[PDB]
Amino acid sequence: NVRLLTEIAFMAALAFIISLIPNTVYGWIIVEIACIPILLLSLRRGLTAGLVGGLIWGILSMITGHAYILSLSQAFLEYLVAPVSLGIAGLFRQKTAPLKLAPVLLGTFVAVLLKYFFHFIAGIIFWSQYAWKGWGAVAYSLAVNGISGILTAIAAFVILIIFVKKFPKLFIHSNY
């Protein structure tokens, strides 16, 4: 209630704080560990809570000057649509015990995939001026964003697996 709103705000604040950590692997290839609090929020509280947490994270990135903004339409795609889209993991919420790892991992996979699909589309339209010598716009965006998405999923997998084994109730909301 009040509690749902606090959880959302705190996880979005957490994602933003985490996003301040340097995460560059090479060029524009990143490991986006900042997705994890939004993933966890979504898995615990469902689609709407996740969408809104993603929204708040994106707005925070932009208004603090930490987003890479090339245009209104690009920033809309990459810092509203993209982070919001992590909320899709919410469709994999488990409401009842025992907690299973399967929906956690499938939901993480589908949500990181969806986010980076939007970054991949953005990459084609707005970032092709950076494409490695000899690479076309699509192939360059596929490699940058394909690799970033996989790496981000790897990291999300590692952390959430630990969280499932050690703190499975992070994932299951209860009153009481």
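Heads up: residue numbers just count along the shown sequence, starting at 1.
Between the stretches 7-15 and 154-162, it is 7-15 that shows the larger average CA temperature factor. Between 53-61 and 125-133, the higher mean Cα B-factor belongs to 125-133. For the set 111, 144, 38, 47, the maximum C-alpha B-factor listed in the entry falls on 47.
In the PDB entry, a CA B factor belonging to the highest third of its chain's modelled residues is recorded for residue 68. Per the deposited record, the Cα B-factor of residue 94 falls in the middle third when ranked against the other modelled residues of its chain. Per the PDB record, residue ranking by Cα B-factor puts residue 43 in the middle third of the chain. Looking at the C-alpha B-factors along this chain, the one for residue 33 belongs to the lowest third. For residue 26, the recorded CA temperature factor ranks within the highest third of the chain's modelled residues.
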